[PDB]
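Novice: Turn this into a structure:
(5 chains)
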Amino acid sequence: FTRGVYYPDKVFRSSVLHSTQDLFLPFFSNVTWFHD
Amino acid sequence: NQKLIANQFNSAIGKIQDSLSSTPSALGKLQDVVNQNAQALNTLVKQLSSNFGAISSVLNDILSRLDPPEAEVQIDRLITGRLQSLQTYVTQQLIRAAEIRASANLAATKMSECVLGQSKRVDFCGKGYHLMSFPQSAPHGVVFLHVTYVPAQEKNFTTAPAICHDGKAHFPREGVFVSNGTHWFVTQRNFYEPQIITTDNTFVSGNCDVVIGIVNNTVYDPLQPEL
Amino acid sequence: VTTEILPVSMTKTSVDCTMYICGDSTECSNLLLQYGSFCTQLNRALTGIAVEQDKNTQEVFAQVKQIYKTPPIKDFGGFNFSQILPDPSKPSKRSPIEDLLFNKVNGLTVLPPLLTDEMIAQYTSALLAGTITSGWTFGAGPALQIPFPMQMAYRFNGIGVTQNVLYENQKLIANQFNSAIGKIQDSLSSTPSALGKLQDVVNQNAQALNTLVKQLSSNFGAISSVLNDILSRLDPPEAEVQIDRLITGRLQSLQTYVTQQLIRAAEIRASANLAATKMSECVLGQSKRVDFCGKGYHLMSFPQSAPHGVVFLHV
Amino acid sequence: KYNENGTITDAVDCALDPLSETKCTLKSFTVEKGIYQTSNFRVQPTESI
Amino acid sequence: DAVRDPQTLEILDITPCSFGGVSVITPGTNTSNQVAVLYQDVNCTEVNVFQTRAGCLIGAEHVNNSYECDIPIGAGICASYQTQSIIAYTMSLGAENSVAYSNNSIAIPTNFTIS
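Specialist: Residues are numbered from 1 along each chain as shown, chains lettered A, B, ... in the order given. See the structure here:
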């Protein structure tokens, strides 16, 4: 779904849209489920 | 028809107010100009933070970390990049300013011809026969309310270029000959208002043996009934 | 009858900054990334010019909201409009004058215009139909049919000459108009320099593109003009400097090309605005401006399409 | 999309779909009606001869 | 543009690999999230698929009826969101209106409006 998003850096931003490239979990990606 | 015209004008200005309140894309030009200016400024600011091949984008960091022999080259690269970015920004600003000046000259001509008087140029002061205009201020712009006259309901009639009465071809002075199928009248060009064919609104030139499509009828001379 | 030719639009060229500067090289792209958003700005300017081209075309031509078509019977008091009216014989549905006009004229792409030649010809045909059948009424609102003789009488009355001279000299005027349009056709067929403006615009565009392509092959002080040759022959420590020099040269060449394109596009926009004003004032009505709609007392005008241009026949 | 309090309320993945690519290239969270140039298709070579 | 094979005496034409811009045609997100993809000057074989002079259109269904242009694609093609999906069609330059022209008929307005 849309989980796995973390703050890129300790920078305060207010009411702005920021485009940044880094290591992220892709949206709607297939993640492995373990029960082991 | 004073009352009808007044009511139509009031309804029209109300509709303009409603359209301005509702439609957000009516003022697209001014918003586009402002957005272009903001984009240019933001692009310049972003380019201030570029490297242009330098070891760093921070002048103080280069000065402190790098020795003057290499700091000279790094600063040269940085200033070259910043200078070319500034030149590009100023050139595009000049082009945009030239466009704005052309638009402002057009606006000044429009105010001088459509507001301070009645203009005969078709579609220059709005669609239809231009009547008048009202200027209004706006942030870095001018809005003209052009009030114009538009014919609405047309009807068909039989026409004839001229009328031969007694061998003389009578031509209308200001209007056009029309016929509803039983009688002939003369009406003004842009409005239907039939009038009896008289000698005071028609002039004689030539004879009805030359003009093509002349029709037979009689012309009224009020003097004879007067005497 | 006089001929006035005005350029309208120009070729919608779009050039990819990255591929033109860097021929699909990872190292070249990595080096280019240090310059910020130059290529984005250049592409934005090119896209703006491309959109402005279609805007100019629509402003010049699309000034009527209905498509009028002439009646099958060509009865106009003796005036013959076959040469200017579109014909069904040619598949393009273009007038013989239009046909004569059309016959006489690496990371970069050409975007086709939004309006094709056929719809431009249809718009011109609608304009001629409106002018012939309704005079200036259709331009100012609803289309009110009016037979041609009284329309010409009105146009004469507009220039201070009474209509009786027209109604007494109809045949002579018709013959003179037919001879004039024949002479215009002959002059267009014979004179090759009549359409110099459009050909000059096309030649300027081609020269700019060819100059850019040639500058792509320059060295700009680099050891070689081939990116692959420099990458293979030179070590990365020196290949970095060589690639930097090459990309600097290519970038400045691209900037110069785009700047001159912007200036030319501004000139074309000014010309198109003048053409739109001319069509609005001389075609959709009778203009009192001296020499604005041709020499002498202007009577009327006929628009015709041409490759990236408009030709006005001022009567 | 940062809020006024410094927290993020929504995120868009540029490579999710063409609509998301449009959202990224416009740098706006809402896409207006129209057409927007987003990417550049390029066929890549498959063999070396 | 053309080369000769060193081994076999044959002539071969070299065509640059297909490439071109990729745009997205969609209504406002306030209406729907459905989009269509336009590839400039690329044949559809190299990629609801439609081929036009402007290139290859994917996600839109072409129809025969003509309307006014809403989202200009180019080369005689415009797209619109209609009830619902995205469709592409050739424009109509306006509703046709024949004029009842003759040599003895005139149309005169009898009413007017102030606009």
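Novice: The residue nearest the centre of chain A sits in which helix or strand?
Specialist: The residue lying closest to the centre of chain A (C-alpha atoms, centre = their mean) is residue A:5, at 2.1 Å. Residue A:5 belongs to no helix or strand when assigned by DSSP states H and E.
Novice: Touching, it and residue A:24? I think so.
Specialist: Yes - Residue A:5 lies in contact with residue A:24 (C-beta atoms under 8 Å); the separation is 6.8 Å. Bear in mind the C-beta positions are built from the backbone N, C-alpha and C, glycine included.
Novice: Let me know whether residue E:69 touches residue E:91 as I believe.
Specialist: Yes - between residue E:69 and residue E:91 there is a contact under C-beta under 8 Å: 4.7 Å.
Novice: any residues in contact with both of the two?
Specialist: residue E:78 (C-beta atoms under 8 Å, 6 or more residues apart in numbering or on different chains).
Novice: if I've got this straight, residue E:30 is in a strand?
Specialist: No - looking at residue E:30 with DSSP: H, G, I helix; E, B strand; the rest coil, it is coil, so not inside a strand.
Novice: Burial check on it, number of neighbours?
Specialist: Counted with other C-beta atoms under 10 Å in any protein chain shown, the neighbours of residue E:30 add up to 9.
Novice: quick one: whichever strand in chain E runs longest near chain B?
Specialist: Scanning chain E for the longest strand, with DSSP state E as the assignment, gives strand E:105-114. Yes - contact of strand E:105-114 with chain B (C-beta under 8 Å from any C-beta of the partner chain) involves E:105, E:106, E:107, E:108, E:109, E:110, E:111, E:112, E:113, E:114.
Novice: These into CSV, with extra columns for neighbour count and distance to residue C:207?
Specialist: Output for those, formatted as CSV (neighbours: other C-beta atoms under 10 Å in any protein chain shown; distance: C-beta to C-beta, whole Å):
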residue, neighbour count, distance to residue C:207
E:105, 15, 55
E:106, 22, 54
E:107, 19, 53
E:108, 24, 56
E:109, 19, 54
E:110, 13, 59
E:111, 13, 58
E:112, 20, 55
E:113, 16, 53
E:114, 18, 53
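Novice: and of the residues you listed, the nearest to chain C?
Specialist: The shortest approach to chain C among these belongs to residue E:107, at 3.9 Å (C-beta to the nearest C-beta).
Novice: Next to chain C, which bits of chain D? Give me the list.
Specialist: Contacts of chain D with chain C, taken as C-beta under 8 Å from any C-beta, map to D:37, D:40, D:42.
Novice: 7 Å instead, please
Specialist: For chain D, the residues in contact with chain C (C-beta under 7 Å from any C-beta of the partner chain) are D:37, D:40.
Novice: Strands along chain B, start to end?
Specialist: Using DSSP E, strands in chain B cover B:129-138, B:141-159, B:163-164, B:168-172, B:176-179, B:184-187, B:202-207, B:215-216.
Novice: can you check chain A too?
Specialist: Remark: no strands are assigned in chain A by DSSP E.
Novice: what is the most centrally placed residue in chain E paired to in the beta sheet?
Specialist: Residue closest to the mean C-alpha point of chain E, counted by C-alpha atoms, centre = their mean, is residue E:77 at 1.7 Å. When bridges are called by DSSP bridges, residue E:77 pairs up with residue E:74.
Novice: Report whether the expected contact of it with residue E:55 is present.
Specialist: No - look at residue E:77 against residue E:55 with C-beta atoms under 7 Å: they stay out of range, at 9.7 Å.
Novice: can you put the residues of strand E:105-114 next to chain B in JSON lines and add distance to chain A?
Specialist: Formatted as JSON lines, the residues of strand E:105-114 next to chain B follow (distance: C-beta to the nearest C-beta, whole Å):
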{"residue": "E:105", "distance to chain A": "63"}
{"residue": "E:106", "distance to chain A": "62"}
{"residue": "E:107", "distance to chain A": "57"}
{"residue": "E:108", "distance to chain A": "60"}
{"residue": "E:109", "distance to chain A": "55"}
{"residue": "E:110", "distance to chain A": "58"}
{"residue": "E:111", "distance to chain A": "54"}
{"residue": "E:112", "distance to chain A": "52"}
{"residue": "E:113", "distance to chain A": "47"}
{"residue": "E:114", "distance to chain A": "46"}
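Novice: Which of the residues you listed sits closest to residue C:306?
Specialist: When these are compared for distance to residue C:306 (C-beta to C-beta), residue E:107 wins out at 33.0 Å.
Novice: re the thing from before, could I get the residues of strand E:105-114 next to chain B in TSV, plus columns for distance to residue C:124?
Specialist: Formatted as TSV, the residues of strand E:105-114 next to chain B follow (distance: C-beta to C-beta, whole Å):
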residue	distance to residue C:124
E:105	25
E:106	26
E:107	24
E:108	28
E:109	27
E:110	32
E:111	32
E:112	30
E:113	30
E:114	32
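Novice: Ignoring the adjacent residues along the chain, who's closest to the residue nearest the centre of chain D?
Specialist: Closest to where the C-alpha atoms of chain D average out (C-alpha atoms, centre = their mean) is residue D:21, at 2.0 Å. In this structure, residue D:21 finds its nearest non-sequential neighbour in residue D:38, 4.6 Å apart by C-beta to C-beta, 6 or more residues apart in numbering or on different chains.
Novice: Okay, and that neighbour sits in which element?
Specialist: Judged by DSSP H and E, residue D:38 forms part of strand D:34-42.
Novice: Look up how far residue B:37 lies from residue C:52.
Specialist: Remark: distance between residue C:52 and residue B:37 (C-beta to C-beta, to the nearest Å) = 18 Å.
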